[PDB]
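Reviewing the structure listed below.
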Amino acid sequence: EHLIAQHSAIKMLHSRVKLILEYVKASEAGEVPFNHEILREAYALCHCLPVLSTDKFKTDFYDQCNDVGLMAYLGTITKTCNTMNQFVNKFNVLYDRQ
Amino acid sequence: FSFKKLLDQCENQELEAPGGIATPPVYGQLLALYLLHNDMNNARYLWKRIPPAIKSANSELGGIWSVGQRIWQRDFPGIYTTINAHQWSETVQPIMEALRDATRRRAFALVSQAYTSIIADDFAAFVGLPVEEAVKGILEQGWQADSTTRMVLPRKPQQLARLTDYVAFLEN
Amino acid sequence: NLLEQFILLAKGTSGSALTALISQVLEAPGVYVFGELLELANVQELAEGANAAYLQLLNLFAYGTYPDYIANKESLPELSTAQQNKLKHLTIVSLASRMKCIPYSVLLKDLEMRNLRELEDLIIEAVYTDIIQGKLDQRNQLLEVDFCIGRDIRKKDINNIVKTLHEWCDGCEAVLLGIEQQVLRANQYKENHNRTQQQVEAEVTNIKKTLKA
Amino acid sequence: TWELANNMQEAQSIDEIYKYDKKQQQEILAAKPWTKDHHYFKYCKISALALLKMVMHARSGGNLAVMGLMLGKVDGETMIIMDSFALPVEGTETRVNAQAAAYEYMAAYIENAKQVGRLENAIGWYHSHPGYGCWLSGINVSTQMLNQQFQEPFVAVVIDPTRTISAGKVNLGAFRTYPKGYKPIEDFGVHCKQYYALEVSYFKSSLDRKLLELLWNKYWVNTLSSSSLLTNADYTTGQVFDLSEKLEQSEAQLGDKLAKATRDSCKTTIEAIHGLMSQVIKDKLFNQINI
C-alpha cells in the first residue's frame, strides 16, 4: 500500500518532466516557434534541482534516521520478547511436566 | 598491508609440524609478526610455548623477547634503543623497520590525543630525535610552539532494502 | 509587460534614436531580461557601423555579469547610476542562480564594493524590486535565496538544459525500478510466512486424524 | 506487472463482508448470544459511505442539531454498519424532538429501500452535538435504556460537527449501554456509570478502495511534500505513552494483553519506518540530481 500509493504520484511527476523535456527538445529542433519566455522558466527550473545541500540539513536528516532506527529497535526488541514468551510457554508443557 | 598473508601462512605452517616443533627462523618470524601487530598476549604465550632447548639454541629469539619485554612495559624511549642493539637476519630484517614505523605512528597519535601541551624533551624522546622533528611539527602540521620553556601544543585531527526488511519482519 | 511597451517603437527607427531607445530600456525599472529586444534584426544590424559599443553593452547586460564590465570599461560609453544598479542586481541574480548560500566576501569581491552596509542596502533594494527572494544573516555573513528568477538564455545553451532534464528523468526511472523490486520482495515474504503456517496447520490436523482412533 | 496483483475480478474477505447470509442471521438472532452476558460486542465497524453521509447531514444542519438513522447487521461479536439515512427533524441546537414527520419518514424510506433491493434493518441512530463534546445526556440515556431493552440489537452514535470542522478529525462516537441494575472522567459527563464507550473501525470494498486511491491520486504535491512524522509527533508520543502503560499492565498480569501490546508496538513501528522510508525516497529523488 505505502510503496505503491506514492509511486503513482512519482510517475505523474515523471510524466510532467518528460513532457517539459519533449517540448524543450522540439523547440531546440525547430518544430515549434522560438517562444523566448518558456525557455527562461525552464532554465530557472533546471537551476533549482539540488535542493538544500547544506550541512545543517544533512545533520538533521541523520538525526531523524537515528531516531527512527532507535524507535524501530524498541519494538523489534518486544516482538522478539513476545515470541520468546510463547516459546517458553509451549516448552513448559512438552518436555517439562507442569 | 601485504603482511597479513604472510601472517596466516605462518599460522598454518605453525599449526601442524612433523614433531610439533618447527625451525628457528619460522618461530622467530612469527614472534616478530605478533610483536608488530601490537598483540601482546599471543606473543607472550608463544614465547612461553617455545621449548627451552631450542629457545637457548638461538640468540635471535632472545633479542626478539627483549624487544617484546621493552614494548610490554610501554616504555617508548627504550624500544628504539633495544630494537637496534643487536644484529637481525634477513628473514627478520623487514620486520624491524615496519615495527619502528608503527611505533612512531602510535606515539604520534598518543601525543596528539592525550596531550594538550607537553615539554619538547618528552615529545622528542617519544618521537625519536630532539633536533629537527620539532620544527617539522610546528611547520608541517601547524602545531603551536613556544621557546624558553620549549612547549608544544599539538591538536587532535542498499538503503531501502533494510527498511523494507524491517517492515516485513515487524508486520509478520 | 514593459518590454512589450518598449518594443513596438523599435521597428521604424534606426541609428541614434534606436540606441537612445535601448538606453531608455536599460534605464527603465522592471525590465531585467532582454530577450526579445536583442532578437530583433534592427538591434543585430548595429554590429556594422559606429554603434557596436551599444550592442556590446546590451549583450553584457543580457548575459554577462559585473566583472565583464571591468576589462572593457573604457570601450563602452558612460553609464548612469540606474544602469549600474541594474547591472549589479543582474550580477546578484546570476550569482544566486548557481549557489543558494552566497557568502558576503564573494559578493563584495564580485560587485567591487568597499562597505558592508552599502552591500546590504543594495541587496535590500534588490529584494524590494522582487527579483530574488531570501534573507540575510550577519552572524555567518551569508545571504540565503529561496527563489531567483532565471536570466536570459542564448540559442546555444539549450542543449545543456536538455541534459539536466534528461538526468532528472533517468533518476526518476531508477527510483521507480527500485520501488517495484522492493514491493515484490515484500509480497513474497508475506506469502512465504502464510504458506509455512498453513503447512504446519495441515501437519497438526493430520496428526489429529491419526490420533483419534 | 508493476502493481503485480492488480484486480480484474478477484477479491478477498474485505469484499466478503458485504452480503446477507439469511440462515446465519436467523440463527444468531434465535440463539441470542449477547442476552446472557453484559460485556458483549465491543467492536463496531462502519463503512465510509455512511460516515460521509452523516458528516454532510451534520454540516447541512449548521449551528443547529440534526438527527438520523443507520442501517447494518451484527456478525458474531462485532457490529457492522454500512448505511446512513437522514431525517427531517427540526429544533433548537440544545434539543430536538422527533415529530410525526420522522415517524412517517423512517417507515417510508425502509419500504423504498426494500423495493430497491436493500435487505438490512435499523441498527441505531445518530445525533449531532454542536460543540458540547460527545457524551450522552440524561434524555439520551433514557432513550438508549428503552431502545436497548426493547430492541436488544442497537447502538447509539454521537458526533460533534463544530469540533470536527475546527480540529480536522472526525468526532465519531459509538456507544452501547449497561442495562439497569449492573453498577460496576468528567468529560464523559455525570452518568459515566450508566453508559460506556466502544472502539470504532472502518472498511471499504475493493472497488471502493480502487476508486478512492485513484481519486486521491490527484494530490501528488501534498503526497511527496507532506513529510509525515513531523506533523503527527504528538500522536506518536501519546501512542508510545499508552504503549508503556499497556506494557506495565501486561507485566503485572504475567505476575492475552501481551499480544495486544505487541500488535500496538508493531503498528507504531510500522508507521515510523514508513515515514522514514518516504523521507529517504524524497531525498533520493530530489537531493541527488545535478550534483
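Every chain in the C-alpha cells has a letter given in the order shown (A, B, ...), and although residue numbers restart at 1 in each chain, ligands are simply numbered from 1 in the order shown.
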
* Residues near residue 45 (chain A), cut-off 12 Å, only C-alpha atoms, skip fewer than 6 positions along chain, as an NGL selection string -> (:A and (17 or 20-21 or 38-39 or 51)) or (:C and (97 or 147-151 or 161-162 or 164-165 or 168)) or (:D and (290))

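Omitting region 6-17 of chain B and its sequence neighbours fewer than 3 positions away, and counting only C-alpha atoms, the residues within 9 Å are residues 2, 3, 20, 21, 22, 26, 27, 29, 30, 33 and 34 of chain B.
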
At a cut-off of 12 Å, using only C-alpha atoms, what residues contact residue 25 (chain B)? Leave out same-chain residues fewer than 4 positions from it and give the result as JSON, numbers by chain. {"B": [10, 14, 21, 29, 30, 31, 32, 54, 55, 57, 58, 59, 60, 61, 64, 88, 89, 90, 91, 92, 93]}

Those residues with N, CA, C and O atoms, as a PDB file, in the first residue's frame please?
```pdb
ATOM      1  N   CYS B  10      52.174 -18.262   7.924  1.00  0.00           N
ATOM      2  CA  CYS B  10      52.956 -18.724   9.063  1.00  0.00           C
ATOM      3  C   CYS B  10      52.068 -19.412  10.092  1.00  0.00           C
ATOM      4  O   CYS B  10      52.505 -20.347  10.770  1.00  0.00           O
ATOM      5  N   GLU B  14      52.692 -23.148  11.340  1.00  0.00           N
ATOM      6  CA  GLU B  14      52.889 -23.466  12.748  1.00  0.00           C
ATOM      7  C   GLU B  14      51.924 -24.553  13.208  1.00  0.00           C
ATOM      8  O   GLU B  14      52.322 -25.459  13.948  1.00  0.00           O
ATOM      9  N   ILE B  21      57.472 -29.203  16.730  1.00  0.00           N
ATOM     10  CA  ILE B  21      58.394 -28.081  16.852  1.00  0.00           C
ATOM     11  C   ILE B  21      58.932 -27.761  15.466  1.00  0.00           C
ATOM     12  O   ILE B  21      59.380 -28.661  14.746  1.00  0.00           O
ATOM     13  N   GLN B  29      60.152 -15.431  13.068  1.00  0.00           N
ATOM     14  CA  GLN B  29      59.334 -14.589  12.206  1.00  0.00           C
ATOM     15  C   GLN B  29      57.918 -14.453  12.752  1.00  0.00           C
ATOM     16  O   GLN B  29      57.343 -13.360  12.739  1.00  0.00           O
ATOM     17  N   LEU B  30      57.343 -15.554  13.244  1.00  0.00           N
ATOM     18  CA  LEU B  30      56.001 -15.491  13.815  1.00  0.00           C
ATOM     19  C   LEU B  30      55.974 -14.627  15.069  1.00  0.00           C
ATOM     20  O   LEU B  30      55.046 -13.830  15.259  1.00  0.00           O
ATOM     21  N   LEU B  31      56.979 -14.766  15.938  1.00  0.00           N
ATOM     22  CA  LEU B  31      57.027 -13.938  17.139  1.00  0.00           C
ATOM     23  C   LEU B  31      57.184 -12.463  16.786  1.00  0.00           C
ATOM     24  O   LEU B  31      56.539 -11.597  17.391  1.00  0.00           O
ATOM     25  N   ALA B  32      58.032 -12.158  15.802  1.00  0.00           N
ATOM     26  CA  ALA B  32      58.215 -10.775  15.381  1.00  0.00           C
ATOM     27  C   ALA B  32      56.936 -10.208  14.777  1.00  0.00           C
ATOM     28  O   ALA B  32      56.599  -9.040  15.002  1.00  0.00           O
ATOM     29  N   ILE B  54      65.455 -25.350  22.209  1.00  0.00           N
ATOM     30  CA  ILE B  54      65.501 -24.532  21.002  1.00  0.00           C
ATOM     31  C   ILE B  54      65.523 -23.053  21.367  1.00  0.00           C
ATOM     32  O   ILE B  54      66.082 -22.229  20.630  1.00  0.00           O
ATOM     33  N   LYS B  55      64.929 -22.692  22.507  1.00  0.00           N
ATOM     34  CA  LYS B  55      64.950 -21.303  22.955  1.00  0.00           C
ATOM     35  C   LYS B  55      66.374 -20.830  23.215  1.00  0.00           C
ATOM     36  O   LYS B  55      66.751 -19.721  22.819  1.00  0.00           O
ATOM     37  N   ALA B  57      69.031 -22.396  22.001  1.00  0.00           N
ATOM     38  CA  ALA B  57      69.871 -22.709  20.849  1.00  0.00           C
ATOM     39  C   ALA B  57      70.215 -21.458  20.050  1.00  0.00           C
ATOM     40  O   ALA B  57      71.359 -21.292  19.610  1.00  0.00           O
ATOM     41  N   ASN B  58      69.246 -20.569  19.851  1.00  0.00           N
ATOM     42  CA  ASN B  58      69.435 -19.358  19.064  1.00  0.00           C
ATOM     43  C   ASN B  58      69.249 -18.131  19.945  1.00  0.00           C
ATOM     44  O   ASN B  58      68.338 -18.084  20.776  1.00  0.00           O
ATOM     45  N   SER B  59      70.117 -17.138  19.753  1.00  0.00           N
ATOM     46  CA  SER B  59      70.032 -15.884  20.487  1.00  0.00           C
ATOM     47  C   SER B  59      69.134 -14.856  19.812  1.00  0.00           C
ATOM     48  O   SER B  59      68.863 -13.809  20.409  1.00  0.00           O
ATOM     49  N   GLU B  60      68.676 -15.125  18.586  1.00  0.00           N
ATOM     50  CA  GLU B  60      67.752 -14.210  17.922  1.00  0.00           C
ATOM     51  C   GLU B  60      66.441 -14.116  18.692  1.00  0.00           C
ATOM     52  O   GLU B  60      65.877 -13.023  18.860  1.00  0.00           O
ATOM     53  N   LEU B  61      65.946 -15.259  19.173  1.00  0.00           N
ATOM     54  CA  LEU B  61      64.738 -15.274  19.989  1.00  0.00           C
ATOM     55  C   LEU B  61      64.928 -14.459  21.260  1.00  0.00           C
ATOM     56  O   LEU B  61      63.987 -13.822  21.743  1.00  0.00           O
ATOM     57  N   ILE B  64      64.452 -10.846  20.277  1.00  0.00           N
ATOM     58  CA  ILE B  64      63.038 -10.604  20.000  1.00  0.00           C
ATOM     59  C   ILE B  64      62.250 -10.505  21.301  1.00  0.00           C
ATOM     60  O   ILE B  64      61.399  -9.621  21.465  1.00  0.00           O
ATOM     61  N   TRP B  88      70.176  -8.360  13.098  1.00  0.00           N
ATOM     62  CA  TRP B  88      68.996  -9.111  12.697  1.00  0.00           C
ATOM     63  C   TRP B  88      69.220  -9.757  11.336  1.00  0.00           C
ATOM     64  O   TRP B  88      69.720  -9.115  10.406  1.00  0.00           O
ATOM     65  N   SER B  89      68.845 -11.028  11.227  1.00  0.00           N
ATOM     66  CA  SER B  89      68.972 -11.756   9.974  1.00  0.00           C
ATOM     67  C   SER B  89      67.984 -11.215   8.943  1.00  0.00           C
ATOM     68  O   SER B  89      67.019 -10.522   9.271  1.00  0.00           O
ATOM     69  N   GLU B  90      68.248 -11.535   7.672  1.00  0.00           N
ATOM     70  CA  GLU B  90      67.393 -11.053   6.589  1.00  0.00           C
ATOM     71  C   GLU B  90      65.964 -11.564   6.738  1.00  0.00           C
ATOM     72  O   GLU B  90      65.009 -10.883   6.344  1.00  0.00           O
ATOM     73  N   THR B  91      65.796 -12.758   7.313  1.00  0.00           N
ATOM     74  CA  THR B  91      64.457 -13.313   7.490  1.00  0.00           C
ATOM     75  C   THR B  91      63.595 -12.433   8.387  1.00  0.00           C
ATOM     76  O   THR B  91      62.382 -12.331   8.175  1.00  0.00           O
ATOM     77  N   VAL B  92      64.199 -11.794   9.388  1.00  0.00           N
ATOM     78  CA  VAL B  92      63.501 -10.861  10.265  1.00  0.00           C
ATOM     79  C   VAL B  92      63.865  -9.416   9.976  1.00  0.00           C
ATOM     80  O   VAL B  92      63.454  -8.522  10.730  1.00  0.00           O
ATOM     81  N   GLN B  93      64.626  -9.158   8.913  1.00  0.00           N
ATOM     82  CA  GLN B  93      65.043  -7.791   8.603  1.00  0.00           C
ATOM     83  C   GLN B  93      63.881  -6.853   8.304  1.00  0.00           C
ATOM     84  O   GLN B  93      63.817  -5.779   8.924  1.00  0.00           O
TER      85      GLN B  93
END
```

### Task
Just the residues within 12 Å of residue 27 (chain A), please, counting only C-alpha atoms, with nothing from its chain fewer than 2 positions along; format it as a list in words.
residues 20, 21, 22, 23, 24, 25, 29, 30, 31, 32, 33, 34, 35, 36, 37, 38, 39 and 42 of chain A; 155, 158, 159, 161 and 162 of chain C

Chain C near chain D within 10 Å: what's each residue's closest atom pair and its distance in Å to one decimal, counting only C-alpha atoms, ordered by chain then ascending residue number, as a tab-separated table?
```
residue	atom	partner	partner_atom	distance
C:163	CA	D:290	CA	9.9
C:164	CA	D:290	CA	6.8
C:165	CA	D:290	CA	9.4
C:167	CA	D:289	CA	7.2
C:168	CA	D:289	CA	6.3
C:169	CA	D:289	CA	9.8
C:170	CA	D:289	CA	9.8
C:171	CA	D:285	CA	6.8
C:172	CA	D:285	CA	6.5
C:173	CA	D:285	CA	9.9
C:174	CA	D:285	CA	9.2
C:175	CA	D:285	CA	7.1
C:176	CA	D:2	CA	9.5
C:177	CA	D:2	CA	9.2
C:179	CA	D:281	CA	9.4
C:180	CA	D:2	CA	6.3
C:181	CA	D:2	CA	9.3
C:183	CA	D:3	CA	8.9
C:184	CA	D:4	CA	7.6
C:187	CA	D:4	CA	9.3
```

Please measure the separation of CA of residue 83 (chain A) and CA of residue 71 (chain A), giving the value in Å to one decimal.
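Computed distance, CA of residue 83 (chain A) to CA of residue 71 (chain A), equals 19.2 Å.
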
Across D:74, D:123, D:55, D:261, the smallest distance to residue 25 (chain D), with only C-alpha atoms counted, is shown by D:74

Near-residue 247 (chain D) list (12 Å; only C-alpha atoms; drop same-chain fewer than 3 positions) as a PDB file with N, CA, C and O atoms, in the first residue's frame:
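around-v8.pdb was written with the following content:
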```pdb
ATOM      1  N   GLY A  75      10.752  -2.092  19.829  1.00  0.00           N
ATOM      2  CA  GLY A  75       9.605  -2.508  19.048  1.00  0.00           C
ATOM      3  C   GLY A  75       9.913  -3.759  18.255  1.00  0.00           C
ATOM      4  O   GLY A  75       9.034  -4.596  18.032  1.00  0.00           O
ATOM      5  N   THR A  78      10.606  -6.029  21.496  1.00  0.00           N
ATOM      6  CA  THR A  78       9.424  -6.552  22.168  1.00  0.00           C
ATOM      7  C   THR A  78       8.728  -7.650  21.380  1.00  0.00           C
ATOM      8  O   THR A  78       8.155  -8.557  21.987  1.00  0.00           O
ATOM      9  N   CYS A  81      10.690 -10.550  22.284  1.00  0.00           N
ATOM     10  CA  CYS A  81      10.346 -10.981  23.634  1.00  0.00           C
ATOM     11  C   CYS A  81       9.013 -11.723  23.665  1.00  0.00           C
ATOM     12  O   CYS A  81       8.843 -12.677  24.431  1.00  0.00           O
ATOM     13  N   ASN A  82       8.045 -11.290  22.855  1.00  0.00           N
ATOM     14  CA  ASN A  82       6.759 -11.981  22.807  1.00  0.00           C
ATOM     15  C   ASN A  82       6.905 -13.380  22.219  1.00  0.00           C
ATOM     16  O   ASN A  82       6.312 -14.341  22.728  1.00  0.00           O
TER      17      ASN A  82
ATOM     18  N   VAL D 240       3.165   6.059  22.209  1.00  0.00           N
ATOM     19  CA  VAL D 240       4.242   5.437  22.975  1.00  0.00           C
ATOM     20  C   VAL D 240       3.923   5.441  24.466  1.00  0.00           C
ATOM     21  O   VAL D 240       4.235   4.477  25.178  1.00  0.00           O
ATOM     22  N   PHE D 241       3.307   6.512  24.970  1.00  0.00           N
ATOM     23  CA  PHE D 241       2.924   6.540  26.381  1.00  0.00           C
ATOM     24  C   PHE D 241       1.894   5.456  26.687  1.00  0.00           C
ATOM     25  O   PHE D 241       2.012   4.728  27.683  1.00  0.00           O
ATOM     26  N   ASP D 242       0.877   5.330  25.831  1.00  0.00           N
ATOM     27  CA  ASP D 242      -0.107   4.265  26.006  1.00  0.00           C
ATOM     28  C   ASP D 242       0.537   2.891  25.873  1.00  0.00           C
ATOM     29  O   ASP D 242       0.129   1.945  26.553  1.00  0.00           O
ATOM     30  N   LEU D 243       1.542   2.768  25.004  1.00  0.00           N
ATOM     31  CA  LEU D 243       2.301   1.528  24.901  1.00  0.00           C
ATOM     32  C   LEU D 243       2.992   1.200  26.214  1.00  0.00           C
ATOM     33  O   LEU D 243       3.000   0.046  26.647  1.00  0.00           O
ATOM     34  N   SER D 244       3.591   2.205  26.853  1.00  0.00           N
ATOM     35  CA  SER D 244       4.245   1.977  28.137  1.00  0.00           C
ATOM     36  C   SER D 244       3.242   1.530  29.195  1.00  0.00           C
ATOM     37  O   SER D 244       3.513   0.601  29.967  1.00  0.00           O
ATOM     38  N   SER D 250       0.566  -5.495  31.197  1.00  0.00           N
ATOM     39  CA  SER D 250       0.873  -6.868  30.806  1.00  0.00           C
ATOM     40  C   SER D 250       1.893  -7.500  31.745  1.00  0.00           C
ATOM     41  O   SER D 250       1.773  -8.677  32.101  1.00  0.00           O
ATOM     42  N   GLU D 251       2.911  -6.735  32.147  1.00  0.00           N
ATOM     43  CA  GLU D 251       3.896  -7.254  33.090  1.00  0.00           C
ATOM     44  C   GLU D 251       3.250  -7.584  34.428  1.00  0.00           C
ATOM     45  O   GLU D 251       3.571  -8.605  35.046  1.00  0.00           O
ATOM     46  N   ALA D 252       2.337  -6.727  34.893  1.00  0.00           N
ATOM     47  CA  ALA D 252       1.607  -7.023  36.122  1.00  0.00           C
ATOM     48  C   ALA D 252       0.752  -8.275  35.966  1.00  0.00           C
ATOM     49  O   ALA D 252       0.660  -9.094  36.888  1.00  0.00           O
ATOM     50  N   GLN D 253       0.115  -8.437  34.803  1.00  0.00           N
ATOM     51  CA  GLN D 253      -0.704  -9.618  34.554  1.00  0.00           C
ATOM     52  C   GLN D 253       0.128 -10.892  34.553  1.00  0.00           C
ATOM     53  O   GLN D 253      -0.331 -11.933  35.038  1.00  0.00           O
ATOM     54  N   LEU D 254       1.345 -10.837  34.005  1.00  0.00           N
ATOM     55  CA  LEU D 254       2.196 -12.023  33.972  1.00  0.00           C
ATOM     56  C   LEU D 254       2.551 -12.505  35.373  1.00  0.00           C
ATOM     57  O   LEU D 254       2.806 -13.698  35.572  1.00  0.00           O
ATOM     58  N   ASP D 256      -4.166 -12.698  25.253  1.00  0.00           N
ATOM     59  CA  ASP D 256      -3.631 -12.019  26.430  1.00  0.00           C
ATOM     60  C   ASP D 256      -3.256 -10.573  26.115  1.00  0.00           C
ATOM     61  O   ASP D 256      -3.264 -10.157  24.957  1.00  0.00           O
ATOM     62  N   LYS D 257      -2.929  -9.811  27.162  1.00  0.00           N
ATOM     63  CA  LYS D 257      -2.574  -8.408  26.977  1.00  0.00           C
ATOM     64  C   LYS D 257      -1.253  -8.252  26.235  1.00  0.00           C
ATOM     65  O   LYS D 257      -1.039  -7.238  25.557  1.00  0.00           O
ATOM     66  N   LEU D 258      -0.360  -9.238  26.354  1.00  0.00           N
ATOM     67  CA  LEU D 258       0.931  -9.154  25.678  1.00  0.00           C
ATOM     68  C   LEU D 258       0.761  -9.126  24.166  1.00  0.00           C
ATOM     69  O   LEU D 258       1.476  -8.398  23.469  1.00  0.00           O
ATOM     70  N   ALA D 259      -0.179  -9.914  23.639  1.00  0.00           N
ATOM     71  CA  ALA D 259      -0.427  -9.899  22.201  1.00  0.00           C
ATOM     72  C   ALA D 259      -0.914  -8.530  21.740  1.00  0.00           C
ATOM     73  O   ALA D 259      -0.461  -8.018  20.709  1.00  0.00           O
ATOM     74  N   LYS D 260      -1.834  -7.921  22.492  1.00  0.00           N
ATOM     75  CA  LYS D 260      -2.330  -6.597  22.129  1.00  0.00           C
ATOM     76  C   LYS D 260      -1.214  -5.561  22.172  1.00  0.00           C
ATOM     77  O   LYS D 260      -1.110  -4.706  21.281  1.00  0.00           O
ATOM     78  N   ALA D 261      -0.368  -5.622  23.203  1.00  0.00           N
ATOM     79  CA  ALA D 261       0.757  -4.697  23.288  1.00  0.00           C
ATOM     80  C   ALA D 261       1.712  -4.887  22.116  1.00  0.00           C
ATOM     81  O   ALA D 261       2.211  -3.909  21.547  1.00  0.00           O
ATOM     82  N   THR D 262       1.974  -6.142  21.741  1.00  0.00           N
ATOM     83  CA  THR D 262       2.851  -6.413  20.608  1.00  0.00           C
ATOM     84  C   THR D 262       2.265  -5.861  19.315  1.00  0.00           C
ATOM     85  O   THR D 262       2.986  -5.269  18.505  1.00  0.00           O
ATOM     86  N   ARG D 263       0.958  -6.040  19.105  1.00  0.00           N
ATOM     87  CA  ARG D 263       0.327  -5.503  17.901  1.00  0.00           C
ATOM     88  C   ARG D 263       0.395  -3.981  17.866  1.00  0.00           C
ATOM     89  O   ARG D 263       0.672  -3.389  16.814  1.00  0.00           O
ATOM     90  N   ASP D 264       0.146  -3.325  19.003  1.00  0.00           N
ATOM     91  CA  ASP D 264       0.217  -1.866  19.035  1.00  0.00           C
ATOM     92  C   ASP D 264       1.635  -1.376  18.753  1.00  0.00           C
ATOM     93  O   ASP D 264       1.835  -0.417  17.990  1.00  0.00           O
ATOM     94  N   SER D 265       2.634  -2.026  19.358  1.00  0.00           N
ATOM     95  CA  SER D 265       4.019  -1.646  19.109  1.00  0.00           C
ATOM     96  C   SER D 265       4.393  -1.866  17.651  1.00  0.00           C
ATOM     97  O   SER D 265       5.097  -1.045  17.052  1.00  0.00           O
TER      98      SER D 265
END
```

Would you mind listing, as a list in words, all residues of chain B that have at least one atom within 10 Å of chain A, where only C-alpha atoms are what counts? residues 163, 164, 166, 167, 169, 170 and 172 of chain B

Nearest candidate to chain C (options A:94, A:70, A:19, A:84; using only C-alpha atoms):
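Among the listed residues, A:19 lies closest to chain C.
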
Compute the set of chain C residues within 8 Å of chain B, using only C-alpha atoms, and express it as a list in words.
residues 182, 186, 189, 190 and 193 of chain C

Could you write those residues out with C-alpha atoms, as a PDB file, in the first residue's frame?
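Final output, saved to selection-v4.pdb:
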```
ATOM      1  CA  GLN C 182      11.123  -3.732  -3.088  1.00  0.00           C
ATOM      2  CA  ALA C 186       7.817  -7.695   0.484  1.00  0.00           C
ATOM      3  CA  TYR C 189       7.992 -12.608   2.167  1.00  0.00           C
ATOM      4  CA  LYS C 190       4.425 -12.290   3.422  1.00  0.00           C
ATOM      5  CA  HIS C 193       5.092 -16.885   6.037  1.00  0.00           C
TER       6      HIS C 193
END
```

Atom pair CA of residue 120 (chain B) + CA of residue 136 (chain B), distance 12.6 Å

Tell me the residues of chain D close to chain B, meaning within 10 Å using only C-alpha atoms, as an mmCIF file with N, CA and C atoms, in the first residue's frame.
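Wrote out.cif, looks like this:
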```cif
data_model
loop_
_atom_site.group_PDB
_atom_site.id
_atom_site.type_symbol
_atom_site.label_atom_id
_atom_site.label_comp_id
_atom_site.auth_asym_id
_atom_site.auth_seq_id
_atom_site.Cartn_x
_atom_site.Cartn_y
_atom_site.Cartn_z
ATOM 1 N N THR D 262 1.974 -6.142 21.741
ATOM 2 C CA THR D 262 2.851 -6.413 20.608
ATOM 3 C C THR D 262 2.265 -5.861 19.315
ATOM 4 N N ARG D 263 0.958 -6.040 19.105
ATOM 5 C CA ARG D 263 0.327 -5.503 17.901
ATOM 6 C C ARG D 263 0.395 -3.981 17.866
ATOM 7 N N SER D 265 2.634 -2.026 19.358
ATOM 8 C CA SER D 265 4.019 -1.646 19.109
ATOM 9 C C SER D 265 4.393 -1.866 17.651
ATOM 10 N N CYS D 266 3.926 -2.968 17.062
ATOM 11 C CA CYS D 266 4.190 -3.223 15.653
ATOM 12 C C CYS D 266 3.570 -2.144 14.779
ATOM 13 N N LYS D 267 2.349 -1.717 15.104
ATOM 14 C CA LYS D 267 1.699 -0.667 14.323
ATOM 15 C C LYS D 267 2.486 0.639 14.392
ATOM 16 N N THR D 269 5.683 1.084 15.150
ATOM 17 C CA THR D 269 6.966 0.928 14.474
ATOM 18 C C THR D 269 6.799 0.943 12.960
ATOM 19 N N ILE D 270 5.740 0.308 12.451
ATOM 20 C CA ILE D 270 5.484 0.318 11.015
ATOM 21 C C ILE D 270 5.241 1.739 10.530
ATOM 22 N N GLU D 271 4.459 2.516 11.283
ATOM 23 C CA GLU D 271 4.224 3.904 10.893
ATOM 24 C C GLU D 271 5.525 4.702 10.872
ATOM 25 N N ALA D 272 6.362 4.531 11.899
ATOM 26 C CA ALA D 272 7.618 5.274 11.953
ATOM 27 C C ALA D 272 8.532 4.910 10.787
ATOM 28 N N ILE D 273 8.658 3.615 10.488
ATOM 29 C CA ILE D 273 9.530 3.214 9.390
ATOM 30 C C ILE D 273 8.948 3.650 8.052
ATOM 31 N N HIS D 274 7.619 3.698 7.925
ATOM 32 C CA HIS D 274 7.018 4.216 6.700
ATOM 33 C C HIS D 274 7.364 5.687 6.502
ATOM 34 N N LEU D 276 10.040 7.215 7.708
ATOM 35 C CA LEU D 276 11.456 7.266 7.355
ATOM 36 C C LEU D 276 11.675 6.866 5.900
ATOM 37 N N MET D 277 10.938 5.860 5.426
ATOM 38 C CA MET D 277 11.078 5.408 4.047
ATOM 39 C C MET D 277 10.650 6.489 3.066
ATOM 40 N N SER D 278 9.539 7.172 3.351
ATOM 41 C CA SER D 278 9.113 8.258 2.472
ATOM 42 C C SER D 278 10.139 9.385 2.461
ATOM 43 N N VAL D 280 13.383 9.084 2.986
ATOM 44 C CA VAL D 280 14.548 8.602 2.248
ATOM 45 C C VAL D 280 14.287 8.648 0.749
ATOM 46 N N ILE D 281 13.086 8.248 0.331
ATOM 47 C CA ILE D 281 12.749 8.248 -1.089
ATOM 48 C C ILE D 281 12.742 9.671 -1.635
#
```
